[PDB]
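turn this into a structure:
(chains A and B, ligands or ions: 4)
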Protein chains: 2
Amino acid sequence: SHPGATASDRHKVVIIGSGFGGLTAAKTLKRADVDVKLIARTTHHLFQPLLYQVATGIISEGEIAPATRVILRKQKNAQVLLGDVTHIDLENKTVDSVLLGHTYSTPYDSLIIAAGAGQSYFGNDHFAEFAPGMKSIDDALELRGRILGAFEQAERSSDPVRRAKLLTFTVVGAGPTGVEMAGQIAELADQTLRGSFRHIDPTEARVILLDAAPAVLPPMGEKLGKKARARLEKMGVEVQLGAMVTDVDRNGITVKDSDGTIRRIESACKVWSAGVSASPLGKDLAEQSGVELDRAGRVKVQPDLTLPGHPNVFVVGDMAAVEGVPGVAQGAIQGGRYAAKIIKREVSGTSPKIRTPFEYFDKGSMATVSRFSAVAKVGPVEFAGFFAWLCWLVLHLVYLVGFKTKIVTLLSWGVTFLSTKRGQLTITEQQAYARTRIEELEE
Amino acid sequence: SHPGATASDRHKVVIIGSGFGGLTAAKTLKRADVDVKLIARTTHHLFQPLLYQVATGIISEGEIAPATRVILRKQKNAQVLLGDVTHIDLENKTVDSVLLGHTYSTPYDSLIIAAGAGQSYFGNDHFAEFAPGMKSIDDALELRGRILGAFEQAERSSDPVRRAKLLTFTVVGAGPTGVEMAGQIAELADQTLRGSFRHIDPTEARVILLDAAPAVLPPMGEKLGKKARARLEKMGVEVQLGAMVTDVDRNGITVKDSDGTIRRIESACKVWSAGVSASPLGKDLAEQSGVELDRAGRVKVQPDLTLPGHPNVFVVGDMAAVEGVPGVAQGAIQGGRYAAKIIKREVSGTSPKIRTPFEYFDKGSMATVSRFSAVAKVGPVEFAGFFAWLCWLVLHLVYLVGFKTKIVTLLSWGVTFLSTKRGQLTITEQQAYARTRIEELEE
Ligand SMILES: Cc1cc2nc3c(=O)[nH]c(=O)nc-3n(C[C@H](O)[C@H](O)[C@H](O)COP(=O)(O)OP(=O)(O)OC[C@H]3O[C@@H](n4cnc5c(N)ncnc54)[C@H](O)[C@@H]3O)c2cc1C
Ligand SMILES: Cc1cc2nc3c(=O)[nH]c(=O)nc-3n(C[C@H](O)[C@H](O)[C@H](O)COP(=O)(O)OP(=O)(O)OC[C@H]3O[C@@H](n4cnc5c(N)ncnc54)[C@H](O)[C@@H]3O)c2cc1C
Ligand SMILES: O=C(CSc1nc(=O)c2ccccc2[nH]1)NC1CCCCC1
Ligand SMILES: O=C(CSc1nc(=O)c2ccccc2[nH]1)NC1CCCCC1
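Numbers count the residues shown, from 1 in each chain, chains lettered A, B, ... in the order given. Ligands and ions are numbered 1, 2, ... in the order given. Have a look at this structure:
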């Protein structure tokens, strides 16, 4: 019923989600002759690459989660809206969303859908009670809560087996996020806490990195994978590969490896970085358009990112199963910019008879292992180590919104890498447990 | 029951609370021939004076809330412990505390009880779900959530009555915390949000400051209070005085004026800051020592801050009632330092035969009204305005732990006072509502 947005007499663009793709399309429409609505679940534009830093106390929330209203402040075309999209209608041309129990059904003339993707438990979906996967500010603070709270519990225990259980951290998945987390948790336990405890030595903590994949960083090949693994192993991370999780609980994890030697890992704190799963909005799209979903539910968009039959509805970023395009920032940014350019060209009436296919311009990739250690690959060139870690820090630091935010980031890196001192090192029990306990109570 | 700490043959000092008093006693014992055990509900040392700034997005946690365990890193005889004190035994000489379902029974030879005092609802405790308190990082993040989320709900709402209800913020109590909160919420809606919204104008936000007291900042007297009120009214805050709350609900507040006429404030977001209420530990002391409690439950400690009949058990800081001594930082700091020096002498010998009474050396007070405006009083002088606000900023800034933290604070003040924008404007519905919904579900 309620449109939940300002009225319009121009071509109406509705953008779903406010991460990279959606925000890039919004910025790209800044002087197009269209009215833009941007509907997203959260006020902030989460700079997910650095999420492991706030998850490990290097950086604050406001360095990585700028308010979208401040970014689009001057863009008179664009109204930002809070809300969770409940449903999308391809025939009535409405987006149906909820906010604190109020329902809004915003009309559109074209869509950019950038709802993205998150981790996947491969159907063992109840594991989310015991092993969160970050990918949001809430989940990153929940992880920071657990990873410090384990040491705080570990001092107050006469039981050595309980201490061993608390001081063993398990990271599942050897994708970029898993190597990042196992790296920072190992640094945190080795160097930041080194003198701050008196019943235990945090340097005796174990960090275990589990994946069923045969190699670390599958998309970067054998050389960079082996070098990253050797760096993690030199840091003392126990890298276990070819081990598939069979069960997860509050006390530990059971894994079965390729030889079938079922075993258990006792481990209080567990991080689930593995897999991918697209936004459920793909289901409503599949039902209305008949578009295919791949495994993990990504929409098999047409060569112009449209749905079959409903042109000028675009799916972009990690929600789209574009052929060969990796699930990385520059893919969302290019997809959103492409869709935006299409809409601008059509509204101005300069549309060609056929839209040229989307071409992903591959601008390379990078992953951090730890302080002074990253890996990179640019076309035929592969490099690793300090020069890489510099080329990562510089690349991300270029993107952070606002000059102050960059400066305070650079100060926080300065101290955290040159000295054994994290900022932001505050647990709150509310944030460490609210999600799991409310899940336990919502019955 | 478990001794939740390492044993020792030394004289054993237990300290309760990471706040000013207890941490100052801990730091004061750095060379005493005692082993110190500091039990606190949370890891951080919460610098509450600035808590309104994080509650209004100027600054982050971990800048305001250093980890106590890191502050004492070098103090080889002091062991920090996480936990909530459940009970204290004056005859068995144990402190009994719980952490995540485990229970501990730490013995003490001397005790520094320095747990805080919070707000009070004067027995209308069923207000707490509708008017959150303050005095924790979680309360500050909750208020930041409900504040910005009111504007977020306000843009989508079609009904003018509902927009008016959402855009009216009510602050209860005109102590320092109330004047701070009404000030920042008014300036934030007048400046930081100005023009960031298109269905609404944030400069139409209505901020109401309620107290039943007859004057603003009553402990500074009329000459400062009238100037502070005139500054609040010049910013357009509606100061209402002599109005006592009769009921509070999710939609508004009903108040009775001093004329006895009854009237209602329709207001979505409510901040509670009136009154004071000591932490319940005073009750167990009152039942064991028989010490009197004031109307706020504060312990009427003896002239040496001891409990009657239990020497070298000290109640100190805001939990302690001492005549004249106000509930402010320097009082907790001076008390804790006094009690620590008593312990140090008694253990080292060459103590006087009778302890000299505690004398509060009054080092003045001051309160912020808003940007470029504060009120102060030092003995006979009563300076106010920009020169005050500078004194405020420089004073507090002196205390923040670690030089980096000061620098990044000063940068955040720089940007947010010289320009409209704010750094930490990040919120989540978990942060805004987790306690509300879990309490609604814990029955
Ligand atoms: C820990 C981590 C580290 C990463 N590091 C890197 C890296 O270093 N480099 C890299 O290239 N990629 C990295 N990625 C992946 C990268 O973030 C994604 O490939 C890409 O950013 C996808 O973003 P997007 O633009 O598709 O939207 P996303 O940023 O994924 O989010 C889409 C938006 O939609 C919103 N939304 C979700 N559901 C709804 C709904 N129902 N209704 C409305 N709005 C909704 C979300 O809140 C969000 O604002 C990382 C991912 C993670 C989890
Ligand atoms: C909103 C606000 C504004 C303020 N403004 C000013 C100001 O302008 N100027 C000024 O000088 N002072 C100000 N203060 C300081 C405050 O008013 C007190 O005067 C002062 O902080 C006293 O603190 P404390 O040292 O007694 O311990 P607190 O900091 O009050 O807390 C004691 C410690 O005990 C812990 N604790 C609590 N319960 C338990 C338990 N059951 N078991 C174990 N540990 C427990 C708490 O977590 C905390 O770490 C302000 C405080 C607040 C909340
Ligand atoms: O190969 C690359 C990686 S592009 C990239 N990465 C991101 O994390 C990112 C995050 C948000 C938005 C855009 C992003 N784009 N950069 C080259 C220079 C450095 C060495 C390798 C070659
Ligand atoms: O009036 C004062 C206020 S003292 C003070 N305030 C705090 O907030 C505080 C917080 C934590 C620890 C100690 C603190 N101590 N100081 C005089 C000099 C400046 C001009 C006025 C007179």
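
excluding sequence neighbours, find me the nearest residue to the residue in the stretch 251-400 of chain A positioned nearest to ligand 3.
In the stretch 251-400 of chain A, the residue that lies nearest ligand 3 is residue A:364 (2.2 Å; CB to the nearest ligand atom). Bear in mind the C-beta positions are built from the backbone N, C-alpha and C, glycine included. Once flanking residues are discounted, residue A:364 sits nearest to residue A:378: 4.1 Å by CB to CB, 6 or more residues apart in numbering or on different chains.

from memory the one you found sits against residue A:388, does it?
No: under the criterion of CB atoms under 8 Å, residue A:378 is not in contact with residue A:388, lying 10.6 Å apart.

between the two, which one's more packed in?
The neighbour count for residue A:378 versus residue A:388, taken as other CB atoms under 10 Å in any protein chain shown, is higher for residue A:388 (22 against 13).

quick one, what contacts that one?
Neighbouring residues of residue A:388 by CB atoms under 8 Å, 6 or more residues apart in numbering or on different chains: A:366, A:373, A:374, A:375, A:376.

name the helix or strand for it, please.
Mapping residue A:388 onto the secondary structure by DSSP states H and E places it in helix A:386-399.

right, is that helix up against ligand 3?
Yes: Helix A:386-399 lies within reach of ligand 3 by CB under 6 Å from any ligand atom, at A:391, A:395, A:396, A:399.

ok, now stretch A:314-324?
No: for stretch A:314-324, no contact with ligand 3 is found by CB under 6 Å from any ligand atom; the gap never falls below 11.1 Å.

which residues does residue A:210 form beta bridges with?
With DSSP bridges as the criterion, residue A:210 is bridged to residue A:172, residue A:240.

I figured it hits residue A:171, correct?
Yes: using CB under 8 Å, residue A:210 is in contact with residue A:171, at 6.8 Å.

grab the nearest non-local neighbour of the residue positioned nearest the centre of chain A.
Central residue of chain A (CA atoms, centre = their mean): residue A:135, 3.9 Å from the mean position. Of all residues not flanking residue A:135 in the chain, residue A:118 sits nearest, at 5.0 Å (CB to CB, 6+ apart).

so what's that neighbour up against?
By CB under 8 Å, 6+ apart, the neighbours of residue A:118 are A:133, A:135, A:276, A:277.

could you pull out the helices for chain A?
A:20-28, A:51-54, A:61-64, A:68-71, A:137-155, A:160-166, A:176-187, A:221-234, A:281-289, A:329-347, A:386-399, A:403-418, A:429-441 (DSSP state H).

could I get these as JSON lines with distance to residue A:89?
Shown next, in JSON lines, are the helices of chain A (distance: least, CB to CB, whole Å):
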{"stretch": "helix A:20-28", "distance to residue A:89": "19"}
{"stretch": "helix A:51-54", "distance to residue A:89": "33"}
{"stretch": "helix A:61-64", "distance to residue A:89": "34"}
{"stretch": "helix A:68-71", "distance to residue A:89": "25"}
{"stretch": "helix A:137-155", "distance to residue A:89": "30"}
{"stretch": "helix A:160-166", "distance to residue A:89": "50"}
{"stretch": "helix A:176-187", "distance to residue A:89": "35"}
{"stretch": "helix A:221-234", "distance to residue A:89": "44"}
{"stretch": "helix A:281-289", "distance to residue A:89": "8"}
{"stretch": "helix A:329-347", "distance to residue A:89": "20"}
{"stretch": "helix A:386-399", "distance to residue A:89": "35"}
{"stretch": "helix A:403-418", "distance to residue A:89": "39"}
{"stretch": "helix A:429-441", "distance to residue A:89": "31"}
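
compare those and give me the one nearest residue B:230.
Comparing the helices of chain A by their distance to residue B:230 (CB to CB), the top pick is helix A:68-71, with 32.0 Å.

output the contacting helices and strands for that closest one.
Contact partners of helix A:68-71 among helices and strands, from 3 or more CB pairs under 8 Å, 6 or more residues apart in numbering or on different chains; DSSP states H and E: helix A:20-28.

on that earlier part again, dump the contacts of residue A:118 to CSV, plus distance to ligand 3.
Output for the contacts of residue A:118, formatted as CSV (distance: CB to the nearest ligand atom, whole Å):
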residue, distance to ligand 3
A:133, 19
A:135, 15
A:276, 17
A:277, 21
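
for those residues, which single residue is the most surrounded?
Most surrounded of the contacts of residue A:118: other CB under 10 Å gives residue A:133, at 24 neighbours.

burial count for the closest residue to that residue other than its chain neighbours?
Residue nearest to residue A:133 in three dimensions, not counting chain neighbours: residue A:119, with 3.8 Å by CB to CB, 6+ apart. Using other CB under 10 Å, residue A:119 is surrounded by 23 other residues.

my guess is residue A:119 contacts residue A:277. True?
Yes: in this structure, residue A:119 is within contact of residue A:277 by CB under 8 Å, at 6.7 Å.

which of the contacts of residue A:388 ranks first by neighbour count?
Counting neighbours by other CB under 10 Å, the top entry in the contacts of residue A:388 is residue A:375, with 27 neighbours.

measure residue A:394 to residue B:144 for me?
For residue A:394, the distance to residue B:144 equals 32 Å [CB to CB, to the nearest Å].

surely residue A:225 touches residue A:216?
Yes: using CB under 8 Å, residue A:225 makes contact with residue A:216 at a distance of 4.5 Å.

so residue A:422 sits right up against residue A:187, yeah?
No: with contact defined as CB under 8 Å, residue A:422 does not reach residue A:187; the gap is 9.4 Å.

ok, these two, which is more surrounded?
A count of neighbours by other CB under 10 Å puts residue A:422 above the other of residue A:422 and residue A:187, at 24 against 21.

for residue A:10, phi and psi?
Residue A:10 has phi and psi values of phi -110, psi 180 when expressed as degrees, to the nearest 10.

how about it: what's its closest non-neighbour residue?
Leaving aside its sequence neighbours, residue A:10 sits nearest to residue A:35 (CB to CB, 6+ apart; 4.9 Å).

who's in contact with residue A:316?
A:21, A:22, A:25, A:112, A:113, A:114, A:305, A:332, A:335, A:336, A:338, A:339.

list the contacts for the closest residue to residue A:215 other than its chain neighbours?
Nearest residue to residue A:215 in three dimensions, chain neighbours excluded: residue A:225, at 4.7 Å (CB to CB, 6+ apart). Residue A:225 makes contacts with A:215, A:216, A:217, A:218, as judged by CB under 8 Å, 6+ apart.

could you find the closest non-adjacent residue to residue A:330?
Once flanking residues are discounted, residue A:330 sits nearest to residue A:363: 5.0 Å by CB to CB, 6+ apart.

next one: residue A:271
Distance criterion CB to CB, 6+ apart; nearest residue to residue A:271, sequence neighbours excluded, is residue A:171 at 4.8 Å.
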